[PDB]
**Q** 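Below you will find the structure I want to go over with you.
For the single chain, residues carry numbers from 1 onward in sequence order.
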Amino acid sequence: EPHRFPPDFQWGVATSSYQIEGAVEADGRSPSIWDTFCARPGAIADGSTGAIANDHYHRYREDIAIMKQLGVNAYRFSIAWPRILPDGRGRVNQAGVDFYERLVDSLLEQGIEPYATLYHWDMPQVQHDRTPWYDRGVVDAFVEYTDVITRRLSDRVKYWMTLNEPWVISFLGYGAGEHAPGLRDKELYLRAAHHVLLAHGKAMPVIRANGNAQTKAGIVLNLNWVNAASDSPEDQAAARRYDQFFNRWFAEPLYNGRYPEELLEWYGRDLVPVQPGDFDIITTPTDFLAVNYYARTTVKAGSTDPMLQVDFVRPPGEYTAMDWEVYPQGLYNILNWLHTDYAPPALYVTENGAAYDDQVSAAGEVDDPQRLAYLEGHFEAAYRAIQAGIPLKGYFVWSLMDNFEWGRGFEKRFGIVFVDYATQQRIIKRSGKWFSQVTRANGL
Ligand SMILES: OC[C@H]1O[C@H](O)[C@H](O)[C@@H](O)[C@@H]1O
Ligand SMILES: OC[C@H]1O[C@H](O)[C@H](O)[C@@H](O)[C@@H]1O
Ligand SMILES: OC[C@H]1O[C@H](O)[C@H](O)[C@@H](O)[C@@H]1O
Ligand SMILES: OC[C@H]1O[C@H](O)[C@H](O)[C@@H](O)[C@@H]1O
């Protein structure tokens with residue numbers, strides 16, 4: 001049925017600083033909230049930390065050459081605030097800036113367009129101790145960091161993303177206790193969610209001011225396709241609350257200057273620390289919306305999550321090693337919802353991918369047919385979206401290589417490139433070799 005993407009389509013791979021860089025003490029870097037969280041017993045399933053990770057700090061040139069083998073014309077990475085401003089604010093760490101200057105120069109010299117994420121979850125511990133996300137002071141701290149690094153790199157980086165997945169930062173960090181800094185309190189999560197949106201909005205004019213006419217910026221939302229387990233009123237309602245929680249909580253403020261009313265009511269409207277003018281800041285125009293899509297999530301009325309009064313149901317179907325349902329139609333459905341409801345001028349898929357159990361064969365190959373099929377199905381969905389008039393401008397696979405998968409540690413491998421942690425050897429997987437053909441054909 002299909003074939004070719006638009007001629008200027010951006011095919012990329014994505015990473016984050018803490019997940020790949022390692023060298024956590026190198027060159028003036030201070031501890032992030034993740035360096036501290038990894039010390040907590042039970043925080044990381046395999047007891048690992050991001051201390052070494054993929055050692056991309058030292059091996060970035062090699063990783064760029066692998067990107068060249070994959071044929072990508074774009075690369076999404078994050079900048080580590082703890083390398084740039086190790087005391088959180090104040091003194092710029094020149095050696096930390098130098099690393100991202102060398103990275104951006106090597107990318108552009110190889111013809112790869114840099115897509116820089118400012119915040120992918122690695123707040124300096126010393127800054128968190130002053131301004132956790134639930135503290136409105138965090139907004140100026142983030143803007144200062146944004147100001148510093150955009151001043152240095154905006155001559156070479158045109159595409160900026162403010163914060164990665166507000167829902168994860170706020171809900172998993174402060175609401176569920178699963179991510180740094182590991183707190184579990186409804187009010188703290190709601191405060192953090194609001195201050196992430198404000199930080200996004202105050203950062204936007206700083207990016208534009210430090211940039212030029214070519215500069216494009218937006219936020220990155222995680223969005224999954226949500227489904228009710230049944231037609232029961234109670235299950236439709238459970239699905240509606242979960243959808244509001246996961247999918248609308250950030251989108252509605254960004255585009256319509258309000259939170260979803262039904263959930264806001266359910267929570268206690270006063271728990272969100274909205275001040276006058278906040279929605280004007282949050283709705284500051286963006287050039288695009290970036291989407292991180294993985295799965296369909298099916299919800300019934302229950303008391304598994306006592307905050308939402310929901311249980312999760314696993315429909316008969318295919319699951320990854322994360323126990324996430326494989327549902328490529330969901331990506332079309334999400335993109336079409338965003339197109340019709342909010343009309344962003346441009347959409348990017350800034351993350352999509354899968355974790356399956358990988359083994360290196362005797363011949364040194366990594367044969368991952370489930371990951372290949374996952375990617376094929378989702379690329380086809382993205383193609384259908386483009387054919388339907390949705391302005392999807394690019395697609396970044398999560399991830400370039402196996403990396404530190406947060407609370408799962410190294411046991412869950414999302415790469416299209418295998419990393420042997422004993423040696424730091426990169427092996428391009430079967431899915432990666434296939435991706436190499438997709439990028440160069442600009443289609444399937
Ligand atoms: O950044 C502070 C770091 O110091 C050490 O090198 C630890 O192994 C690491 O996990 C810790 O967080
Ligand atoms: O893996 C950490 C979290 O991040 C992802 O963006 C997913 O949307 C979310 O379902 C997952 O729980
Ligand atoms: O009835 C609405 C309230 O009750 C629910 O059981 C939830 O725990 C709470 O988060 C919500 O604010
Ligand atoms: O959990 C899989 C992925 O979920 C989220 O999308 C994060 O941005 C990424 O860092 C993580 O690896």
**Q** Does the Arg371 side chain pair with the main chain of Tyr356, one donor and one acceptor, at a distance under 3.5 Å?
**A** yes

**Q** Would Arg59 and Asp55 satisfy salt bridge (charged side-chain N to carboxylate O under 4.0 Å, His left out), going step by step from the backbone distance to the final call?
**A** CA-CA 6 Å; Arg59 303 173 182 262; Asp55 189 41; 3.1 Å; yes

**Q** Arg76 and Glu351: salt bridge (charged side-chain N to carboxylate O under 4.0 Å, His left out), yes or no, with the steps?
**A** CA-CA 9 Å; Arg76 176 167 177 256; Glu351 304 182 3; 2.9 Å; yes

**Q** Please assess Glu365 against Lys433 for the test salt bridge (charged side-chain N to carboxylate O under 4.0 Å, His left out), listing each intermediate value before the final yes or no.
**A** CA-CA 11 Å; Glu365 303 290 15; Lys433 300 184 159 149; 2.7 Å; yes

**Q** For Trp133, does its backbone N or O pair with a side-chain atom of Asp135 as donor and acceptor, under 3.5 Å?
**A** no

**Q** Decide whether a cation-pi geometry holds between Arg83 and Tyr57; the criteria are a distance under 6.0 Å from NZ or CZ to the six-membered ring centre and an angle within 45° of the ring axis.
**A** yes

**Q** Does the structure place the NZ or CZ of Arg89 under 6.0 Å from the centre of the six-membered ring of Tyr145, at an angle of no more than 45° from the ring's axis?
**A** no

**Q** Does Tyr100 have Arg152 sitting over its ring (NZ/CZ under 6.0 Å from centre, angle to axis within 45°)?
**A** no

**Q** State, to 0.1 Å, how close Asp122 and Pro82 come at their nearest heavy-atom pair, and which atoms those are.
**A** O-CD, 3.0 Å

**Q** If we only count heavy atoms from C-beta on, is the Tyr18 to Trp121 side-chain gap below 4.5 Å?
**A** no

**Q** Restricting to non-hydrogen atoms, name the atom on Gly90 and the atom on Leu85 that form the minimum distance, rounded to 0.1 Å.
**A** O-CD2, 3.4 Å

**Q** Between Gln10 and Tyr115, is a side chain to side chain contact (heavy atoms under 4.5 Å, CB included) present by the stated rule, with each step listed?
**A** CA-CA 11 Å; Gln10 306 280 88; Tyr115 286 66; 2.8 Å; yes

**Q** Would you please name every residue forming a side chain to side chain contact (heavy atoms under 4.5 Å, CB included) with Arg440, sequence neighbours left out?
**A** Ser436

**Q** Is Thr297 close to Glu325 at the side-chain level, that is, under 4.5 Å between some pair of heavy atoms?
**A** no

